[PDB]
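Accompanying notes for the structure given below.
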Amino acid sequence: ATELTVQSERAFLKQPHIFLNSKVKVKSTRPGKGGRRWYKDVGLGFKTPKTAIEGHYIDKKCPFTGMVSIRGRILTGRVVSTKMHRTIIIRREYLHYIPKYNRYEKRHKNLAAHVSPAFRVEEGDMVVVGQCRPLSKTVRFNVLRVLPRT
Amino acid sequence: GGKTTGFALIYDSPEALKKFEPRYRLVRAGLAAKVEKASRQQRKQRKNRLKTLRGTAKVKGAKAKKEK
Amino acid sequence: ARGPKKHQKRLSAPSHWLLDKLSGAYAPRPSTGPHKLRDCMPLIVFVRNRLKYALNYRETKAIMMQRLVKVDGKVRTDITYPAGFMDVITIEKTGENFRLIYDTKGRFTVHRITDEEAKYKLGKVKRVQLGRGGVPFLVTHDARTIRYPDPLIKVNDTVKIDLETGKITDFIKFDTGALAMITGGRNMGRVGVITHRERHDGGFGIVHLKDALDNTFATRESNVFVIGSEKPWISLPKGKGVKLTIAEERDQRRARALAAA
Amino acid sequence: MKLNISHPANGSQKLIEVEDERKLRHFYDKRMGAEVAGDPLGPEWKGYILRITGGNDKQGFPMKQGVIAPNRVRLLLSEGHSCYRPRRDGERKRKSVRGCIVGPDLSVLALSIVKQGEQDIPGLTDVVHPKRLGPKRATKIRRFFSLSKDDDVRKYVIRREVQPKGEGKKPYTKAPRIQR
Amino acid sequence: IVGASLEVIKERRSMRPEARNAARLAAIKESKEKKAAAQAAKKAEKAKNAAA
RNA sequence: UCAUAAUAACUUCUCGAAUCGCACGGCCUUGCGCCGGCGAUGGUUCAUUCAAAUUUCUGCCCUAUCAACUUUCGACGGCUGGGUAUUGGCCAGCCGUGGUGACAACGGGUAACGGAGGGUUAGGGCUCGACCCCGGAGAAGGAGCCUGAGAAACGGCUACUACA
RNA sequence: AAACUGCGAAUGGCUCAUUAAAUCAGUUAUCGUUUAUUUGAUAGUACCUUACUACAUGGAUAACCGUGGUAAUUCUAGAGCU
Ligand SMILES: [Mg+2]
Ligand SMILES: [Mg+2]
Ligand SMILES: [Mg+2]
Ligand SMILES: [Mg+2]
Ligand SMILES: [Mg+2]
Ligand SMILES: [Mg+2]
Ligand SMILES: [Mg+2]
Ligand SMILES: [Mg+2]
Ligand SMILES: [Mg+2]
Ligand SMILES: [Mg+2]
Ligand SMILES: [Mg+2]
């Protein structure tokens with residue numbers, strides 16, 4: 001994503017329990033242990049994006065550098081709107097079977113998901129989403145990977 | 001037909017018999033006499049009627065003399 | 001609904017309890033305890049409906065009052081006490097011991113066992129870790145917790161319990177080539193040897209077993225009950241849990257009937 | 001307006017009938033729990049001082065201390081209050097009680113003697129009523145009979161002789177069940 | 001108290017201090033021989049043990 | 001950021017047992033001396049059981065003479081807090097302008113509790129389901145609350161309306 | 001007998017008024033919470049308070065005797081003990 005500055009708000013944003021002003025200097029490879037930026041890997045064969053490791057953004061809803069875990073069902077859909085702030089709307093299509101007429105009909109549903117600043121998503125992109133804890137009234141999913149465009 | 005089938009119980013001792021056998025069958029056999037009691041509705045009326053008295057409900061004539 | 005329920009309606013009880021649909025409207029409703037409500041064997045049902053020792057309900061609670069019968073070596077005083085898989089009930093006065101174990105048709109059956117070897121059990125571990133103060137501990141399927149275990153023992157294994165001192169005498173690893181019995185699902189009573197295990201990331205793996213008659217079958221890991229690698233430690237009931245189909249079942253009943261008379 | 005006079009020292013109580021209002025004027029505008037002189041009541045009450053403890057209205061409603069009103073007011077009586085006995089834990093029921101200021105409306109006063117006087121009352125201070133029972137705890141018995149830490153208090157305990165109805169056998173003795 | 005009478009309580013509270021010690025000594029002494037007699041009964045069962 | 005361990009401190013602040021009864025033994029310095037077995041009523045943390053509240057996906061009758069709906073006084077999302085047993089526009093402030101719809105939204109009717117299932121048969125279907133089994137709601141109509149692990153309870157309380 | 005205290009009385013039983021993604025069904029979840037009871041494990045008071053007694057702390061109250069008010073209720077006053 002494109003963010004001009006990290007601190008552009010009334011309060012100060014910082015990762016919880018990450019001590020940042022230490023008198024003694026020690027260099028460690030561990031992300032959060034030594035006192036530098038913290039990150040981990042969610043799993044399910046999903047690789048942490050490179051932009052996360054060196055980025056400076058602060059987010060309490062991103063699956064990376066955040067306090068949210070990815071667990072539950074994993075879904076796919078079609079992106080229809082990405083012009084609001086830190087939230088996307090996805091459309092999923094399927095076929096319902098009517099037994100009496102022995103043929104199908106198409107149906108669709110709309111879904112809302114949270115997009116991390118690590119990724120940059122535009123219209124007409126392939127996405128994979130995973131279940132998470134309630135982040136809002138109608139937001140319960142998080143994007144994990146964006147497939148290349150056709 | 002001319003055949004009959006039932007159930008039988010044999011006890012080791014008379015005391016084990018009287019200690020374990022049910023009351024209604026004991027009355028059936030006549031070994032012990034029946035208990036005489038009032039009807040269920042009379043007992044129920046007495047029990048719920050005595051819930052309106054406070055302390056020593058066995059005698060409750062002490063409030064009869066309040067009127068003089 | 002303003003709290004938890006305390007009554008269980010008859011015609012809704014588990015099928016393997018084998019309760020007649022007539023002769024009453026309610027069921028024993030086993031009390032809370034160490035075993036799951038869905039798959040348990042109430043003591044009143046076992047004593048009255050299987051052994052036929054007690055005629056009806058009234059004397060059933062009188063029978064336990066003399067403390068003659070005990071389970072797992074410890075006396076229990078509630079009539080609706082939930083007994084379960086592998087549990088051993090001991091009656092000293094008559095001189096035999098019973099273990100609650102599934103038959104080949106998926107219900108509890110009476111099974112005589114010898115007194116000298118009927119004095120130990122074995123159960124699967126649910127989770128292993130260190131508790132307060134750094135002391136490691138494990139809990140089995142019958143709510144037995146034991147601290148300071150063998151460090152090689154891991155989750156999903158089974159451990160042999162003495163039942164008198166609660167010490168970890170022996171254990172069985174969970175791997176291919178072991179002999180297991182299924183404890184949940186429709187495949188009740190089968191006995192097989194673990195062939196191989198393939199896991200799916202995200203939970204709910206499946207395992208494939210094979211019967212003595214070259215049959216093949218699969219079941220969830222939560223439903224497998226390993227009782228040995230070879231020569232199972234416990235004594236299996238008659239039939240060894242092989243589940244011959246109805247063709248041989250029909251052949252054998254007339255075969256033994258004609259052989260006897 | 002009836003009077004219930006009690007003597008805590010002698011443990012004696014009596015009830016008197018008063019019909020003359022000018023003797024009763026000096027009780028007015030006083031509060032429950034106050035101090036009053038009994039001299040105007042009569043010659044036999046000379047030297048007497050009385051404490052007002054309570055009273056009842058003609059209608060039967062009781063007085064509640066702490067509410068200042070000559071009429072009666074409705075209150076939500078909870079558990080632990082004076083004139084309320086709940087039927088279930090945490091229950092509160094709305095009742096009507098009369099204020100703590102004495103007035104002509106009440107039917108009976110209840111009061112007790114604070115200081116003994118020179119003169120005697122013909123039917124109140126001439127009798128004493130035996131206490132039914134005595135102390136029941138080890139500490140209370142020890143302090144009461146002024147024993148020490150080790151004096152075998154078991155022997156020293158009040159004993160009451162009880163007898164059966166008409167069986168003709170000798171009576172026996174009963175003891176207070178030390179609980180410490 | 002009802003069981004006793006005013007004078008009774010008066011003397012009981014006024015009882016001389018030395019008398020209390022004498023009573024305690026008397027009680028402890030009699031307890032001593034009664035306990036010794038119980039020990040003699042224990043000797044009697046010990047004799048029964050020797051007999052058996 | 002798990003189980004658990006360690007350091008510097010704090011607290012109208014907990015617990016670490018002043019309870020009860022039926023069976024009668026052992027030692028020696030022999031004093032009301034010492035030691036010693038089975039059970040009721042408790043108690044901090046972990047595990048288990050009966051559960052409960054929220055929560056992911058898909059599936060409900062007729063109607064267009066119902067085609068656009070939602071944000072006064074939250075409607076869509078972001079941030080900082082308050083409150084709840086906990087997440088969450090549940091609430092309080094600041095900042096963006098969003099969310100659903102002809103693939104039938106929104107609204108009006110229902111002589112509509114939902115499901116397991118009943119009636120009728122070549123097959124495909126049509127119709128019923130208040131009612132013995134499971135789940136939800138109610139005790140004349142609305143709201144508010146104590147005790148208690150658990151209630152917005154009515155064979156619990158308070159207030160109004162209509163009867164009495 | 002009575003009464004204090006503990007527990008249950010939120011289980012059962014009746015009905016279908018409202019309710020059209022609401023209830024409900026099959027399938028998932030609580031790494032987002034509470035949990036009576038049952039069952040199994042589990043707590044060196046370091047010093048305070050040389051000391052307060054540890055061979056064991058301190059005040060009320062029920063039942064109760066006796067005296068009342070109102071035509072009226074499972075309404076209650078004040079007095080004396082434990
Ligand atoms: Mg999992
Ligand atoms: Mg649009
Ligand atoms: Mg309706
Ligand atoms: Mg129905
Ligand atoms: Mg129902
Ligand atoms: Mg209710
Ligand atoms: Mg209500
Ligand atoms: Mg009613
Ligand atoms: Mg009710
Ligand atoms: Mg209807
Ligand atoms: Mg416990």
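In the structure tokens, chains take the letters A, B, ... in the order shown, each chain's residues start at 1, and ligands count up from 1 in the order shown.
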
Practice task
Select the residues contacting ligand 4 at a distance of at most 12 Å, based on only C-alpha atoms (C1' of nucleotides) and all ligand atoms, then format the selection as a ChimeraX atom specification.
Solution key: /F:113-118,129-136 /G:16,24

May I have the selected residues written with C-alpha atoms (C1' of nucleotides), as a PDB file, in the first residue's frame?
```
ATOM      1  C1'   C F 113     -43.748 -21.119  15.833  1.00  0.00           C
ATOM      2  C1'   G F 114     -39.493 -23.916  12.868  1.00  0.00           C
ATOM      3  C1'   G F 115     -37.754 -29.085  12.152  1.00  0.00           C
ATOM      4  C1'   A F 116     -38.137 -34.710  12.716  1.00  0.00           C
ATOM      5  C1'   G F 117     -42.529 -35.918   9.970  1.00  0.00           C
ATOM      6  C1'   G F 118     -48.623 -37.144   8.327  1.00  0.00           C
ATOM      7  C1'   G F 129     -47.633 -30.235  10.186  1.00  0.00           C
ATOM      8  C1'   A F 130     -51.133 -26.028  17.340  1.00  0.00           C
ATOM      9  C1'   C F 131     -50.439 -31.235  19.013  1.00  0.00           C
ATOM     10  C1'   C F 132     -46.457 -37.470  22.437  1.00  0.00           C
ATOM     11  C1'   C F 133     -39.401 -36.183  19.741  1.00  0.00           C
ATOM     12  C1'   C F 134     -35.581 -31.564  19.315  1.00  0.00           C
ATOM     13  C1'   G F 135     -35.018 -26.059  19.384  1.00  0.00           C
ATOM     14  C1'   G F 136     -37.346 -20.801  20.353  1.00  0.00           C
TER      15        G F 136
ATOM     16  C1'   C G  16     -48.164 -20.980  19.934  1.00  0.00           C
ATOM     17  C1'   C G  24     -34.818 -23.384  12.733  1.00  0.00           C
TER      18        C G  24
END
```

Handout entry: Non-local contacts of region 145-153 of chain F (12 Å; only C-alpha atoms (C1' of nucleotides); under 2 positions in same chain excluded) as a PyMOL selection string
Key = (chain C and resi 1-5) or (chain D and resi 76-79+86-93) or (chain F and resi 51-52+139+143+155-159) or (chain G and resi 7-10+34-37)

Practice task
Enumerate as a ChimeraX atom specification the residues within 9 Å of ligand 3, counting only C-alpha atoms (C1' of nucleotides) and all ligand atoms.
Solution key: /F:110,112-113 /G:16-19

Would you save the residues of that selection, restricted to C-alpha atoms (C1' of nucleotides), as a PDB file, in the first residue's frame?
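Output contents, as saved in out-v3.pdb:
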```pdb
ATOM      1  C1'   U F 110     -50.261 -14.613   5.916  1.00  0.00           C
ATOM      2  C1'   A F 112     -47.228 -18.304   9.541  1.00  0.00           C
ATOM      3  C1'   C F 113     -43.748 -21.119  15.833  1.00  0.00           C
TER       4        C F 113
ATOM      5  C1'   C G  16     -48.164 -20.980  19.934  1.00  0.00           C
ATOM      6  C1'   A G  17     -49.755 -14.405  20.739  1.00  0.00           C
ATOM      7  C1'   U G  18     -45.701 -11.999  18.128  1.00  0.00           C
ATOM      8  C1'   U G  19     -42.093 -13.286  14.517  1.00  0.00           C
TER       9        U G  19
END
```

Practice task
Go through the chains and note each residue within 9 Å of ligand 11, using only C-alpha atoms (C1' of nucleotides) and all ligand atoms, then give the set as a VMD selection string.
Solution key: chain G and resid 38 to 40

Handout entry: Expected answer as a ChimeraX atom specification: residues within 9 Å of ligand 1, only C-alpha atoms (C1' of nucleotides) and all ligand atoms
Key = /A:71 /C:202-204

Contacts between chain G and chain B, please, where a residue of chain B counts if it comes within 8 Å (with only C-alpha atoms (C1' of nucleotides)); show its shortest atom pair and distance in Å to one decimal, rows by chain and ascending number, as JSON lines.
```
{"residue": "B:51", "atom": "CA", "partner": "G:74", "partner_atom": "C1'", "distance": 7.1}
{"residue": "B:52", "atom": "CA", "partner": "G:74", "partner_atom": "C1'", "distance": 4.9}
{"residue": "B:53", "atom": "CA", "partner": "G:74", "partner_atom": "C1'", "distance": 7.5}
{"residue": "B:55", "atom": "CA", "partner": "G:2", "partner_atom": "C1'", "distance": 5.9}
{"residue": "B:56", "atom": "CA", "partner": "G:2", "partner_atom": "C1'", "distance": 5.5}
{"residue": "B:58", "atom": "CA", "partner": "G:1", "partner_atom": "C1'", "distance": 7.6}
```

Those same residues, written as a PDB file, in the first residue's frame with C-alpha atoms?
```pdb
ATOM      1  CA  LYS B  51     -48.221 -23.327  57.241  1.00  0.00           C
ATOM      2  CA  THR B  52     -50.144 -20.262  58.504  1.00  0.00           C
ATOM      3  CA  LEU B  53     -49.153 -20.848  62.153  1.00  0.00           C
ATOM      4  CA  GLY B  55     -44.281 -21.629  66.581  1.00  0.00           C
ATOM      5  CA  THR B  56     -45.578 -24.612  68.583  1.00  0.00           C
ATOM      6  CA  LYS B  58     -49.250 -28.535  68.210  1.00  0.00           C
TER       7      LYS B  58
END
```

List every residue of chain F that has an atom at most 9 Å from any atom of ligand 2, and for each one report the closest atom pair and its distance in Å to one decimal, counting only C-alpha atoms (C1' of nucleotides) and all ligand atoms, with rows sorted by chain and then by increasing residue number, as CSV.
```
residue,atom,partner,partner_atom_place_in_ligand_line,distance
F:99,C1',ligand 2,1 (Mg),8.9
F:100,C1',ligand 2,1 (Mg),8.1
F:101,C1',ligand 2,1 (Mg),8.0
```

Handout entry: Residues of chain C within 10 Å of chain G, counting only C-alpha atoms (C1' of nucleotides), as a ChimeraX atom specification
Key = /C:1-7,31-35,78,81,132,137,139,142-147

I need the contact residues of chain G against chain A, so if you could list those with any atom within 8 Å, counting only C-alpha atoms (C1' of nucleotides), and return them as a PDB file with N, CA and C atoms (P, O5', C5', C4', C3', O3' and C1' of nucleotides), in the first residue's frame, that would help.
```pdb
ATOM      1  P     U G  28     -18.393 -30.855  10.537  1.00  0.00           P
ATOM      2  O5'   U G  28     -17.829 -29.367  10.510  1.00  0.00           O
ATOM      3  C5'   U G  28     -17.117 -28.840  11.618  1.00  0.00           C
ATOM      4  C4'   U G  28     -16.715 -27.407  11.381  1.00  0.00           C
ATOM      5  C3'   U G  28     -16.098 -26.691  12.572  1.00  0.00           C
ATOM      6  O3'   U G  28     -14.720 -26.981  12.734  1.00  0.00           O
ATOM      7  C1'   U G  28     -17.747 -25.312  11.588  1.00  0.00           C
ATOM      8  P     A G  29     -14.097 -27.153  14.205  1.00  0.00           P
ATOM      9  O5'   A G  29     -14.158 -25.684  14.815  1.00  0.00           O
ATOM     10  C5'   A G  29     -13.469 -24.610  14.196  1.00  0.00           C
ATOM     11  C4'   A G  29     -13.794 -23.297  14.861  1.00  0.00           C
ATOM     12  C3'   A G  29     -13.533 -23.228  16.355  1.00  0.00           C
ATOM     13  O3'   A G  29     -12.163 -22.988  16.635  1.00  0.00           O
ATOM     14  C1'   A G  29     -15.670 -22.327  15.879  1.00  0.00           C
ATOM     15  P     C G  31     -10.128 -20.551  23.088  1.00  0.00           P
ATOM     16  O5'   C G  31      -8.880 -19.588  23.331  1.00  0.00           O
ATOM     17  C5'   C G  31      -7.641 -19.803  22.660  1.00  0.00           C
ATOM     18  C4'   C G  31      -7.168 -18.577  21.915  1.00  0.00           C
ATOM     19  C3'   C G  31      -7.898 -18.274  20.612  1.00  0.00           C
ATOM     20  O3'   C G  31      -7.853 -16.869  20.363  1.00  0.00           O
ATOM     21  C1'   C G  31      -5.632 -18.772  20.147  1.00  0.00           C
ATOM     22  P     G G  32      -8.946 -16.177  19.409  1.00  0.00           P
ATOM     23  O5'   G G  32      -9.919 -15.423  20.418  1.00  0.00           O
ATOM     24  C5'   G G  32      -9.422 -14.431  21.311  1.00  0.00           C
ATOM     25  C4'   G G  32     -10.498 -13.930  22.243  1.00  0.00           C
ATOM     26  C3'   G G  32     -11.032 -14.964  23.230  1.00  0.00           C
ATOM     27  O3'   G G  32     -11.400 -14.318  24.448  1.00  0.00           O
ATOM     28  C1'   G G  32     -12.794 -14.218  21.843  1.00  0.00           C
TER      29        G G  32
END
```
